[PDB]
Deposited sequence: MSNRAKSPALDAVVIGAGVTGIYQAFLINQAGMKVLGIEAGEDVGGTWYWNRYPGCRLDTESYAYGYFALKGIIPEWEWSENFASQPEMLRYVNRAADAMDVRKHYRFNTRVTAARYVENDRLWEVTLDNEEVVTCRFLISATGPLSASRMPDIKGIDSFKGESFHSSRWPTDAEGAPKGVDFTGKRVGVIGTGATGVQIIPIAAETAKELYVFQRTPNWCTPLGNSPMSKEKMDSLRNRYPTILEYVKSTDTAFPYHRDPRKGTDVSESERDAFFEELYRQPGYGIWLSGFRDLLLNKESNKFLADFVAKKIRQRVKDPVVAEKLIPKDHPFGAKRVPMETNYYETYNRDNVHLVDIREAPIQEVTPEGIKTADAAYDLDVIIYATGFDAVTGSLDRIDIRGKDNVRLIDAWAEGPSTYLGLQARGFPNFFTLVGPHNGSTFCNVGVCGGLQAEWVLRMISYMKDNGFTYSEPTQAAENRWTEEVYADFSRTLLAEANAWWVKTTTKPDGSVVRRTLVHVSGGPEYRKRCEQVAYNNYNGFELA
């Protein structure tokens, strides 16, 4: 049998809708599927107070850089969620892409049918569509707590992954006047929520096990003159972000930390720290993430600034990580976060030394005290992937989740052996963790378009990585990872298995190779007739 569609794209975040647009544009039959009511992905689902980009708006706005909505005007240097959603909606208007999508629809299963070289996609556990190619754009991140009696709390509970919204689409109940509020989690979302909650809360208790390194965002409104000169510079901006390791508008200093004196370093860090955006991390010395000494130079500088900004030295010290290097995790940026602790009604609770024994009807119970609360905010982190919710079955009925149980195994981060004609766009296993996804995801969608077109042009109906290509690729991805500070720092990012026979397999959950070098490899493969893929 022949499939009804050339492709199904799962997801209508920035990645999915661009893939669908490209495929329709090339004259092929695409159906998008989205669980929500409309486009946006991240920017549709996440509506908690202070939700905002870490990437310069202009750099994230690939659809404007690529001339799809070249006239777009950013109002802020780092756009809030509502502005981001307007951006994605405007892009979708211009792409005329909503008409290819079925919204309010979940893919629950997808099954490869060997004899027909197609995928059977089950929607909402009932209807089945068939496509030659299945393309996942289901999100590089998933909702992340492990404490008794959470459901027993009799006040208002808020979860940042599913913040309640009103009729407009704005967050519900962010006015905390008269309320004692407890926040669990000081990761990226916690450091955005904490300062805002503190504006109105009667009291605010922050339950922190271990701190993250955070740096100031430096956000400000975008003037008309800046926005115009940016747009005039788009051709250079595009070429620049295509050429940096992360696709952020930053590149590392060519010197090592020791190439300069303590005096120069301090002045260098001071200047970076006060500059809006990720410069402090991404413009740092070349060995920042390769050398413990070099990393300590910066980590000690950031500590110094945290002690400057927090008045109480006891509290200051609890906000400074002693257990991991700076820049081992996508660093959260913040707007007046550390200053929040200077408020009379803000209290830091160290739950490492006094762990939470249970959430109770009245609040939170640690080993050391009872906190009577009206509100608990679960400012919960991020990893388990977006694909696990789908029962994906490849050849011989193998489950993707079993295929990847000892860690992701792919060729080029895009296809897995066992699962022909299936592309996995934008995920930690192909570089989303440290990427400007706006740009990285766009370029990846373009590469997938070119492979599908090549197959169409050549009459190929089957693609699957060989065992050798997959194994070498995955080993090489791990080898890249292991040469950095991330490997010792993030233990859970490496799956180590000892096989029956006795071989030891090491795989990283997170691909950290530079984008340009990654894409150069992908073009080497594409030009040489998709070497490493069995095509038929």
query = Given the full deposited sequence, which segments carry no C-alpha coordinates?
reply = 1-5, 150-151, 391-392
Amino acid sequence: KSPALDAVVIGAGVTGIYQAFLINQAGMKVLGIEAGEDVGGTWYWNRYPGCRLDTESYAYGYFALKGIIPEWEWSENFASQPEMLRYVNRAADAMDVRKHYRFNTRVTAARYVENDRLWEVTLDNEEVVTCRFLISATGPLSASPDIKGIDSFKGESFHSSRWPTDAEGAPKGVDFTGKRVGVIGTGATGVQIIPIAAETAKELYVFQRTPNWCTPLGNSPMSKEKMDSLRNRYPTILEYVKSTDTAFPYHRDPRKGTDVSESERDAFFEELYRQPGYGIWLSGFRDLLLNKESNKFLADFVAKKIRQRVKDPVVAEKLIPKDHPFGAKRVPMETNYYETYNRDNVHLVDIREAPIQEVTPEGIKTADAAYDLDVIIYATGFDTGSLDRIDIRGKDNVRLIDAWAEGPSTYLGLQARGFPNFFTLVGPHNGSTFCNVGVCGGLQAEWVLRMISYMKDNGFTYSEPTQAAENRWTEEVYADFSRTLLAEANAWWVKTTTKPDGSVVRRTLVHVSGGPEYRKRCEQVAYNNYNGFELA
From here on, numbers count along this sequence of modelled residues.
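C-alpha atoms forming the largest set that superposes within 1.5 Å between two forms make up the rigid core.
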request  = With the rigid core held as the alignment frame, decide whether 432-440 or 74-82 lies farther from the shown form in 5 other deposited structures of this protein, in terms of RMS C-alpha distance.
outcome  = 432-440
remark   = Judged by RMS Cα deviation after a rigid core fit in 5 other deposited structures of this protein, the more variable of 372-380 and 291-299 is 372-380
ask   = Is the mean CA B factor in the deposited entry higher across 350-358 or across 207-215?
value = 350-358
ask   = Comparing 60-68 with 479-487, which has the greater mean CA B-factor as deposited?
value = 479-487
message = Comparing recorded Cα B-factors across 247, 230, 137, 128, which one is largest?
response = 128
query = When you compare the CA B-factors of 96, 344, 264, 300 as listed in the entry, which one comes out on top?
reply = 264
key: Cα B factor band for residue 37 (lowest, middle or highest third within the chain)   = middle
ask   = What third of the chain, by the recorded C-alpha B-factor, contains residue 295?
value = middle
key: Chain third (lowest, middle, highest) by recorded CA B-factor, residue given as residue 221   = middle
task = Using the B-factor values recorded in the entry, state whether the Cα atom of residue 469 falls in the lowest, middle or highest third among the modelled residues of its chain.
result = lowest
Residue 285, C-alpha B-factor rank within chain (lowest, middle or highest third) = middle
